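# Tertiary structure, described
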Amino acid sequence: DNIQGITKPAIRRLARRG
Amino acid sequence: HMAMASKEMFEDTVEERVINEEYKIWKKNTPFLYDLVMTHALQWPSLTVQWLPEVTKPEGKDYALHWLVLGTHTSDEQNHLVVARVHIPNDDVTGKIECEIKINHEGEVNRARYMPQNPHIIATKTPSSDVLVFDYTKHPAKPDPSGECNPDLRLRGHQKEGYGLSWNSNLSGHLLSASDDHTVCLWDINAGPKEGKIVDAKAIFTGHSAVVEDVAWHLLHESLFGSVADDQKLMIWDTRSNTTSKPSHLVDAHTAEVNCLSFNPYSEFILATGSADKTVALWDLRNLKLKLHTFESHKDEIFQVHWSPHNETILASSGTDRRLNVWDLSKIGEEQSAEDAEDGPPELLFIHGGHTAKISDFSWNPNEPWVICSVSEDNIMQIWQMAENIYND
Ligand SMILES: [As]
């Protein structure tokens, strides 16, 4: 796995919380 | 008698603190959430925004030229219809805004929209009854401080003000307008008399029983258009039909007043609608009875809804909750964990939280995918772009 794949779900969650 | 009139404040000092602290947190998060974020404070708030369709990448420069159509909101002083020029930095302090032109305008600009067939022709909605038409190539580079407003055309038909405004992308010169007078006027600015600056409504639709909030032409069929009012009803009209009090279809769209509607630029059937019930409703022209879907997440009234001009499954909506939500239809009904379901439905792609007051309008950039411009009641305008990381795998 790569690091972007690690922070993708984290950023996408941050995006939906504003 | 002694106390002064205070137009600030005038605020809620409690809510202000909350809004500001949520903004601080949002700001330090921007580098994660956006590939681009630009902010500018206008002298007066703008109730309207729309990108002009022209773009250019000037030789030897590391940015691109884009143009916005803006307006002014002052009840005390001189109002202007404005076209702003902006430098948007090439992807490979930051950015710049300037005035291309500034036009004397009587009263605030409720809404300003350019004619697709001729982008330097712009219609505006005034706090008065007339809707105005300006050709900005026929107006001085700098406005006369005297403040004289000389529209190229005054369109008559309404009794009160309004906000709904829509040019026909398939029928050059055909403009629609909504108003508090319960009606929806239609004009053909190519006909009329030889002189001078006054034309009469070609049609006055009275199907609504309350303040009609928004109007829109269909993007593909040149005779169909949708209307939306405070009677909670979404109506769809046909121009070649000889009855201006009964629409082809009538829908009980929301439990509260309906504020906006937007046709999908790619699908000739689907339609979106924003309401005071804090929801957006999906509609299909084949069967109006069935409300396809309901977008939940907005915490207050919704006043603007716009489809992406690049991605057919992308929808955006803004309102009084000071938030701009971006939706991805392709993720509807999709399963999600409990920790993710607490943040909202699966189709909720992105929540823009850069504004600290109600968003009056926003506009998808027609030349740069995922670039948006939104304007809030507190004088702020933001040109921004979601992080690629978020929409593209
Ligand atoms: As400006």
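Residues numbered from 1 in each chain as written, not as in the entry; some residues may be left out. Chains lettered and ligands numbered in written order. Heavy atoms only, no water. Residues with missing side-chain atoms left out of burial classes, pairs and counts.

Structure determination for this PDB entry was carried out by X-ray crystallography, with a resolution of 2.60 Å recorded in the header.

Residues and elements named next belong to chain B. Taking burial as the measure, the five residues of strand β8 (residues 131–135) include five buried ones, the bulk of the element. Two successive antiparallel strands, strand β7 (residues 118–125) and β8, enclose a turn made up of five residues. Sheet topology note: the β8/strand β9 (residues 153–156) ladder contains three bridges and is antiparallel. Paired with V131 across the bridge in β9 is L155. (Buried < 20%, exposed > 50% of the residue type's maximum accessible area, 1.4 Å probe, protein only. Helix = DSSP H or I, 4+ residues; strand = E, 2+ residues; numbered from the N terminus. Pairing = 2+ DSSP bridges.)

As a further point, take the interface of chain A and chain B. Counting residues at the interface gives eleven residues for chain A, matched by 19 residues for chain B. Contact between chain A and chain B buries roughly 1300 Å² in total, counting both sides, with carbon and sulfur atoms accounting for 48%. Viewed at the interface, chain B and chain A are joined by two salt bridges. Across the pair A:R13 and B:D340 runs a salt bridge whose closest N-O atoms are separated by 3.7 Å. At the boundary of chain A and chain B, one finds eight residue pairs in polar contact. Looking at side-chain class alone, the side of chain A that touches chain B contains three nonpolar, three polar and five charged residues. (Contact = heavy atoms within 4.5 Å. Buried area = accessible area lost by both parts, 1.4 Å probe. Salt bridge = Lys/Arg side-chain N within 4 Å of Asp/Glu carboxyl O. Polar contact = N/O pair within 3.5 Å; in protein donor to acceptor, adjacent residues only side chain to side chain. Nonpolar A, V, L, I, M, F, W, Y, C, P; charged D, E, K, R; others polar.)

Time to look at the packing of helix α1 (residues 3–16) of chain A against helix α1 (residues 13–33) of chain B. Contact geometry for α1(A) and α1(B): axes closest at 10 Å, N-to-C directions at 135 degrees. Here α1(A) is positioned oblique relative to α1(B), judged by the angle of their axes. Once α1(A) is placed against α1(B), the crossing between them reads as left-handed. Judged by residue contacts, A:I11, A:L14 and A:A15 of α1(A) engage B:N29, B:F32 and B:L33 from α1(B). Looking at side-chain class alone, the contact of α1(A) with α1(B) contains five nonpolar, one polar and no charged residues. (Axes fitted to C-alpha atoms, helices over the stretch in contact; angles between N-to-C directions. Parallel < 35°, antiparallel > 145°, perpendicular 65-115°, else oblique. Left-handed = near helix turned anticlockwise from the far one by under 90°.)

Let us look at unusual backbone geometry. All names here are of chain B. The peptide bond linking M9 to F10 adopts the cis configuration, its omega dihedral lying at -10 degrees. As for its position among the elements, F10 is in the segment before α1. With phi around 80 degrees, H182 is a residue other than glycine that occupies positive phi space. On the basis of relative accessibility, which here comes to 31%, the residue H182 falls in the partly exposed class. Positive phi values are uncommon outside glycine, yet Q232 reaches one of about 75 degrees. Checked against the element boundaries, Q232 lands in the loop between β16 (224–229) and β17 (233–238). Residue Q232 is classed as partly exposed on the basis of its relative accessible area, which comes to 26%.

This brings us to α1(A). With 14 residues, α1(A) extends 21 Å between its outermost C-alpha atoms, agreeing within 8% with the 20 Å of an ideal straight helix rising 1.5 Å per residue. When we look at burial in α1(A), the residues that qualify are A:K8, A:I11, A:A15 and A:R16. Buried positions along α1(A) lie against α1, α2 (338–341), β26 (348–352) and α3 (388–391) of chain B. (Expected span 1.5 Å × (residues − 1).)

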